[PDB]
Amino acid sequence: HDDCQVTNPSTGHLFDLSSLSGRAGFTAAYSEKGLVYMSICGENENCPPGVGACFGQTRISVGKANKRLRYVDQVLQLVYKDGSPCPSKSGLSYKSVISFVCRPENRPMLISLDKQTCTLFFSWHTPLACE
Ligand SMILES: [Br-]
Ligand SMILES: [Br-]
Ligand SMILES: [Br-]
Ligand SMILES: [Br-]
């Protein structure tokens with residue numbers, strides 16, 4: 001239903017990330033000194049309009065925001081696609097994959113940047129991802 005909510009279809013458990021939404025959003029550490037700004041289920045006020053995540057140093061987009069929350073194998077996931085053109089001979093764009101995993105007891109982390117696909121992979125351990 002693409003409103004920052006999703007159910008586990010096997011159990012009907014309703015997951016909801018609306019409590020993390022807001023333009024102020026969050027940041028994740030990037031490299032030595034940089035960061036990435038990110039808003040959940042909406043654009044981030046530090047990024048260009050419509051952009052849900054962007055590099056701190058440049059405000060260059062690594063994904064357009066959306067509310068299409070998905071459930072797969074106990075993980076909740078947002079995928080912000082259509083980022084800026086990345087350094088790529090074949091014309092790829094940056095995208096951000098944001099994975100919420102259960103923590104029964106709340107900052108995103110960048111765990112990987114796959115240069116092959118220009119995809120930034122983030123993880124966020126949160127009680128919001130538990131059932
Ligand atoms: Br940066
Ligand atoms: Br949105
Ligand atoms: Br894309
Ligand atoms: Br992790």
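Quick note: residue numbers are just sequence positions, from 1.
- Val62 is connected to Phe26 through a chain of hydrophobic side-chain contacts under 4.5 Å among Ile, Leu, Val, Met, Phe, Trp and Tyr, so both are in one cluster.
- For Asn106 (side chain) and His125 (main-chain N/O), no donor-acceptor pair under 3.5 Å exists by modelled atom type.
- Expressed to the nearest 0.5 Å, how far CD of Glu105 lies from SG of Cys130 amounts to 10.0 Å.
- Judged by distance alone, the side chain of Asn46 and the main-chain N or O of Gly56 form no donor-acceptor pair under 3.5 Å.
- Within a 6.0 Å sphere centred on NZ of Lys64, heavy atoms belonging to other residues, nucleotides or ligands number 12 at most.
- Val51 and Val97 fall into different hydrophobic clusters, defined by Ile, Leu, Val, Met, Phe, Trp and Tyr side-chain heavy atoms under 4.5 Å apart, directly or through other members.
- The salt bridge (charged side-chain N to carboxylate O under 4.0 Å, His left out) test applied to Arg103 returns no partner, not counting sequence neighbours.
- Between the side chain of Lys115 and the main chain of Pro87, no donor-acceptor pair closer than 3.5 Å is present.
- For the residue pair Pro108 and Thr27, the shortest heavy atom distance occurs at CG-O, 3.7 Å.
- Separating the CG atom in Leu17 from the CG atom in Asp3 is a distance of 11.5 Å, to the nearest 0.5 Å.
- With ring centers used as reference points, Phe15 lies 6.0 Å or more from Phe100.
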What pairs of donor and acceptor atoms, side-chain ones from residues 28-35 against any protein atom, are under 3.5 angstrom apart with sequence neighbours left out?
none

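- Both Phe122 and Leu128 belong to a single network of hydrophobic side chains, linked directly or stepwise wherever heavy atoms of I, L, V, M, F, W or Y lie under 4.5 Å apart.
- When hydrophobic clusters are built by joining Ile, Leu, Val, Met, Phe, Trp and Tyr residues whose side-chain heavy atoms come closer than 4.5 Å, directly or via intermediates, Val36 is not grouped with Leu92.
- Between the side chain of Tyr37 and the main chain of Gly52, no donor-acceptor pair closer than 3.5 Å is present.
- Interatomic distance, OG of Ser88 versus CD of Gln116, reported as 10.0 Å (0.5 Å rounding).
- By the criterion of side-chain heavy atoms lying less than 4.5 angstrom apart, applied directly or through intervening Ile, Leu, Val, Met, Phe, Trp or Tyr residues, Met38 is grouped together with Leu113 in one hydrophobic cluster.
- Few gaps surround CD on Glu45; more than 12 heavy atoms of other groups in view lie less than 6.0 Å from it.
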Test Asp2 against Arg70 for salt bridge (charged side-chain N to carboxylate O under 4.0 Å, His left out), laying out the working first.
CA-CA 8 Å; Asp2 302 347; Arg70 290 303 174 268; 2.9 Å; yes
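- A donor-acceptor pair under 3.5 Å links the side-chain atoms of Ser39 to the main chain of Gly22, judged by distance alone.
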